[PDB]
Structures are given as C-alpha cells and as structure tokens.
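Structure at a glance
These are the residues of each chain, in order.
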Amino acid sequence: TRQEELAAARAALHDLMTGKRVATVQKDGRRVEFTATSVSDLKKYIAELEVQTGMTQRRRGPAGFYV
Amino acid sequence: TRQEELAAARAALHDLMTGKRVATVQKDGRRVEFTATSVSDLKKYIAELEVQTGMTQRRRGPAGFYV
Amino acid sequence: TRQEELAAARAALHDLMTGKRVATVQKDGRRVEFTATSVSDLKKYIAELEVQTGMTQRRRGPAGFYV
Amino acid sequence: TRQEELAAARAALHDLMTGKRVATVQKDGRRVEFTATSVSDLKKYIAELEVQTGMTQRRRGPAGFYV
Amino acid sequence: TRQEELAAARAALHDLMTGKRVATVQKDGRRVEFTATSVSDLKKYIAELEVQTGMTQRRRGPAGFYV
Amino acid sequence: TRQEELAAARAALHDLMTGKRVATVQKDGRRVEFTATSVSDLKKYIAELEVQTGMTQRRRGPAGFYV
Amino acid sequence: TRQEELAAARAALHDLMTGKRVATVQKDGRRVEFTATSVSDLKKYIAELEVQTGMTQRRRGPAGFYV
Amino acid sequence: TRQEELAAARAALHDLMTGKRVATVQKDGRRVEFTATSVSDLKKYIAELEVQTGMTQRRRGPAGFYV
Amino acid sequence: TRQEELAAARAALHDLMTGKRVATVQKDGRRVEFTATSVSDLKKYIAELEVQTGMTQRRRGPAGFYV
Amino acid sequence: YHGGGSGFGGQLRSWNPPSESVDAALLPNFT
C-alpha cells in the first residue's frame, strides 16, 4: 500500500505549502490542535519513502569525468 | 496535472507576498487556523516543481570562458 | 498580466512601508488575521518579478576598467 | 510483541507527518494534551526498534574497494 | 506620482520617529492591527525612492586625492 | 519647516527620555497603542536632520597634528 | 530652557533609580503605559546635555606624563 | 540635597536587596507598576554619587612597590 | 545600624534559599509583587557590608611560600 | 602593430600622447 501514503504525503506537502494545513480547529466548546512539523523533514520523508517504493530512477551514480 | 499545481502554488505565493494569506478565521465559536510556511520554502517548492514539470527552460548550464 | 501584480506588489510594499499593512481585523467575533512577511523578501520579489516582466533596463553587465 | 510495535510506531510516524497527530483535544470542560515528540528522535526509535526485530535486513556493512 | 509618494513616506517616517505611528486601534469590538516595520529599512526605502525620483543631487561620487 | 519638526523631535526625545512617551492609551472600550522606537536611532535622526538644517556649526574637519 | 531640562533629567534619573518611575497606571477603565528607557541611555543623555550647557567644568583633557 | 538623596538611594538599595522593592501594586480597579532597574547599575550609582559628595574617601591612588 | 542590617540581610538570604521569599501576595482585589533579586548579587552584598562593618575578620591576605 | 593602436580590451584607449618635438614638450612649463 506504499503508493497510498506516498500520494497522501505528497498531497499533504502541497496542502501545507499553499495555505490549507489546518493547525487547530474549534467549534464552540470542541477544539483540537494537530501538531505541526517543519517542511524540510516532510520533504526528506517524501523522498525516502518514494525511493523505498519501486518508483522510477531519480538518483544516478555519481558523475564521471572524461577529457 | 502539475500545471494547475504550479498555478495554485504561484498564486498562494503571490497572496502571501502582498497581503492576502490568511492565518486565522473566527466566527464567534467557529474558528480555525492554518500553519504558516516561510517564503523561502515556498520559492524552493515553486522552483522545484517548475523545473520538474514540462514547461520550458528557465536555467541553463554552467558558463564557458574564452579569450 | 505581469504588470498587474507587479503594480499590486509595489503598492503593497509602499502600503506596508508607511503604516497601512493590516495584520488582523476583528469585529464582534468575526476576526481574521493575515500572515506578514519581512520587507526584504518583498523587495527581492519586486526585483526579480519586474526583471522577469518586460520592464525596462535596470541592470548592467559588470563594469570595465581602463586608464 | 514487537511487530505490532513496528506497526504502531510507523502509523504514528505517518500520522504526525501528514496531519493526523493530535497535540491536544478539548470537549467542553474536558481537555487533555499530550507531550509532542520531535521527528528525528521518532525516526531513531523506529530504526532501533526495527533492527532489533527479526524482520529482514535494511542496512549492510561497510563498502570495500578494488581497482 | 513619486513626489507625493516621497512626501507620504517622509511624513510616515516623522510620525514613526516621534510618537505618531499607530500599531493597533480598538473600539469595543472593532479593532485593527498593523504590521510595524523597523526604522532602518524605512530609511533605506526613503533613500532609494528619493534618489530614483527626480529629486536633485544628494550623494556625489568618490573623493579624489591630491598633494 | 525644518525648525518645526526639529523642535518636535527634540521635545519627543526629551519626554521619551524622562517618562512621558505614551505607549498605549486606553479609555474603557477605546484603546490605541502607538509603536515605540529605540533612543539611539532617534538620536541619529535628530543629528542628521539638524545638520541638514542650516543651523550653526556642530562638526569640525578631522584634526591636524603639529610639533 | 536647558537648566530645567537638566533638572528634570536629574529628577527622572533619581526616581528611576530608587522606585519612583511609573511604567503604567490603571484606573478601572482608563489605563496608560509609558515606554521604559534603559538607565544607560539616560546617563549618556544627562552627561551630554550637562556638558553642552553652560554649567562648569566636569571633565578635563588627557593626562600628561613627567619624570 | 545630595546627602539625604544618597541616604534615600541607599535605603532603596537595601529594600530591593531584602524583599521590599515593590514592582506593581493593585487595588480594585486601581493598579500601577514601577519600572525595575538591575542591582549593578544602582550599586554603581550609589558608588560614584557617594564619591562625588564630600563624605569620607573610599578610594586610594593605585599602589606602590618596594623591596 | 549596620548590625541589624546584617541580621536582616542574612535572614532574607536564608528565607530566599529554602522557601520563604514571597515574590507576590494577592488577596482578592489587592495584590502586590516585589522585584526578585538573584542570589549571587545577594551574597556579594552580604559579603561587602559584612566586611565593611566592625565585626571580626573573615578573610585574610594572600599566602606565603617557603621551602 | 597591436600594442600601438588601442591596447588589450580597451585598456589604454585614452592614452593618446601629443606627438611633438622636444621643444614643444619642454618650453611651455620649462621654468
């Protein structure tokens, strides 16, 4: 089910990026605050869980040098 | 479906820049807030999924030197 | 339509500069708070966004030296 | 009892990553908040408690060299 | 329309310096909050848009040297 | 009008210096909070603005040395 | 009006030192607060306008040397 | 009036030392708060203002060295 | 009246150390708070006015060295 | 040649001495 939380985390990253990452929601008398992470660690999580998934080539073996 | 993602992110960058990114709303018992992202990460996200998408060249490669 | 938000962001810069950038506005339980950005980032935004648009020359290629 | 430990810890990691870790919850007159751990320490916990399990290897030994 | 811009910015600087730059106002339910810029950036803005406009010489070139 | 706001800024420096710089004033229901600046930048503003005014000598040109 | 300026500054220094400088007052509906300045700036201010006024010598020139 | 003012400053220093330097005092609706200094500045103030008055010395001209 | 001053200061040190230095006391509608001095400056004050008074030696002068 | 004309990358483009006899380069401010 790796594709599922891959898509979920990517959507959450975009959601937090634009404006809509809800932090606290409060109806009268019923409030709840979700903890918020940074953006960098979200990106690292996205990248790591993407490469762990059998998704296509994204990293190449260093770089050769020829004259 | 990256192009509209580009459009939405660029918009949100514009509204954050000028005056129109909302942090909290409240309706006397119906209130909610969103996490705020720094502008640097916004421009990094814009650049990353701008180059990643199929839109044209924006940055070239190194710089030659000649006499 | 680049000139449009160019002018909008210039006006926003001036508006923040003098006194008028509203952060939070409240009226009888209807309160909305807008996130604020440092003036430096807005200045750089003006800079490269007016560079990107067809606005006139404002940068020159280094500077020669001669006796 | 460590496999379900893996599952619970990974699910908590994902929930905290996207949006779904609750810092505090308040019904009218009844509220509780939970101490919020960071991300890095949670990832070290994940790694340390998955290596101790019998599930397959994820990291290997040091790399040699040969001409 | 830069000259009255200069006048407005200089006046805003003057009110900021002595006592007359208002951060928030409130009347028993209707309140507004203004983002407060610092002094350094405001004087930089003053100098920049003062030299940019048709305002006369204020800063000359480098100093010569003779025996 | 350099004399007018020169004297105004001097008086502002004085009454901020002793005790009279009002920060926030509030009658029941109606409150305002004027922003506050440091004393150092106010002093620099006073110095630059009086030297720009055609007031008398306040500076000398370096200092010679002789045996 | 320099002499009473000196007198008021010396007073305000004395009240600030012991207990008698008031940061704010409140009257159950009408409250005000004044910006509090650090003691060091007040001492420099008093010294500067003390040496600037017509009162007698307080500090002399540099110290000579002789065998 | 320097001697009794010095006595008052010393008494205030002692009062702050033990427990009695009142910061804020509040009745029903009526409250004030007095700004608080550090202890070092008050100590040096006591020091050189006691020095400046004609009371008996506490300083001596450096020190000699003999065999 | 230095001896009772010593007694009061040593007392106040003792109460501050264990539990008995009241930072603020509030009856309904009548509250006061006292500025809380640190402990290091309290000990320095104790030592200074302890040695300044006529009570006996507590510290002696340097230290010799012999073979 | 190449050094006489203008120099390297503009360089001494403004160094144009007034070719003249030594008398013309001496007598004006000889005193």
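In the block above lies the structure referred to throughout.
Looking only at helices and strands, one finds one helix and zero strands in chain J. Referenced to the eigenvectors of the C-alpha coordinate spread, the extents of chain J come out at roughly 40 × 15 × 10 Å. Expressed as a percentage of the 31 residues in chain J, the buried residues total 3%. With an accessible surface of roughly 3000 Å², chain J has 58% of that area assigned to carbon and sulfur atoms.

Before going further, it helps to spend a moment on the relation of the copies chain G and chain F. In the superposition of chain G on chain F (RMSD 0.4 Å, axial shift 0.0 Å), the rotation amounts to 30°. A different interface surface on each copy is seen, since only 12% of the contact residues of chain G are contact residues in chain F too.

Turning next to the interface of chain E and chain C. Contacts between the two partners involve 15 residues from chain E and, on the opposite side, 19 residues from chain C. Taking both sides of the interface into account, the surface hidden between chain E and chain C amounts to around 1600 Å²; carbon and sulfur atoms contribute 56%. When the buried area of chain E at its contact with chain C is split by residue, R31(E), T35(E) and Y45(E) rank highest and sum to 33% of it. Applying the counting criterion to the chain E and chain C interface returns zero salt bridges. Between chain E and chain C we count seven residue pairs in polar contact in total. For the side of chain E that touches chain C, the secondary-structure elements that each account for two or more residues are α1 (3-17), β2 (30-34) and α2 (40-52) of chain E. A per-element tally of the side of chain E that touches chain C places β2(E) first, with five residues. Here the residues of the side of chain E that touches chain C sort into five nonpolar, three polar and seven charged. Sheet topology note: the strand β1 (residues 22-27) of chain C/β2(E) ladder contains five bridges and is antiparallel. Paired with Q26(C) across the bridge in β2(E) is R31(E).

Another point: the packing of aromatic side chains. For the structure shown, the criterion picks out zero aromatic pairs over all chains. Positioned above the aromatic ring of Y66(C) is the side chain of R13(J), whose terminal nitrogen or guanidinium carbon lies 4.4 Å from the ring centre.

A few words on the pattern of salt bridges. All names here are of chain G. Using the criterion set out here, one finds 26 salt bridges over all chains in the structure. We note a salt bridge from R58 to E50, for which the minimum N-O separation is 3.7 Å. In this structure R58 comes out as exposed when scored by relative accessible area, which is 62%.

So, about a nonpolar patch on the surface. All names here are of chain D. Nonpolar side chains collect at one region of the surface, where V22, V25, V32 and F34 lie side by side and expose about 310 Å² of accessible area between them. In this fold, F34 is placed in the loop between β2 (30-33) and α2 (40-51). Overall, the relative accessible area of 47% leaves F34 in the partly exposed class.

This paragraph deals with helix α1 (residues 2-18) of chain A. End to end, α1(A) covers 25 Å across 17 residues, agreeing with the expected 24 Å (1.5 Å per residue, within 8%). Along α1(A), the residues classified as buried are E5(A), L6(A), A9(A), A12(A), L13(A), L16(A), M17(A) and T18(A). Each element contacted by the buried residues of α1(A) is listed here: α2 (40-52) of chain A, α1 (3-17) and α2 (39-52) of chain B together with α1 (3-18) of chain D.

Each value, and the rule that gives it
Residues numbered from 1 in each chain as written, not as in the entry; some residues may be left out. Chains lettered and ligands numbered in written order. Part of a larger assembly, values for the part shown. Heavy atoms only, no water. Helix = DSSP H or I, 4+ residues; strand = E, 2+ residues; numbered from the N terminus. Buried < 20%, exposed > 50% of the residue type's maximum accessible area, 1.4 Å probe, protein only. Areas by Shrake-Rupley, 256 points an atom, 1.4 Å probe, with all protein chains shown as cover. Least-squares fit on C-alpha atoms. Contact = heavy atoms within 4.5 Å. Buried area = accessible area lost by both parts, 1.4 Å probe. Salt bridge = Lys/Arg side-chain N within 4 Å of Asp/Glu carboxyl O. Polar contact = N/O pair within 3.5 Å; in protein donor to acceptor, adjacent residues only side chain to side chain. Nonpolar A, V, L, I, M, F, W, Y, C, P; charged D, E, K, R; others polar. Pairing = 2+ DSSP bridges. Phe/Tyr/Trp six-rings, centres within 6.5 Å; stacked < 30°, edge-to-face > 60°. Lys NZ or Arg CZ within 6 Å of the ring centre and 35° of its normal. Patch = residues over 30% accessible without salt bridge, like charges linked within 9 Å, V, L, I, M, F, W, Y side chains within 5 Å. Expected span 1.5 Å × (residues − 1).

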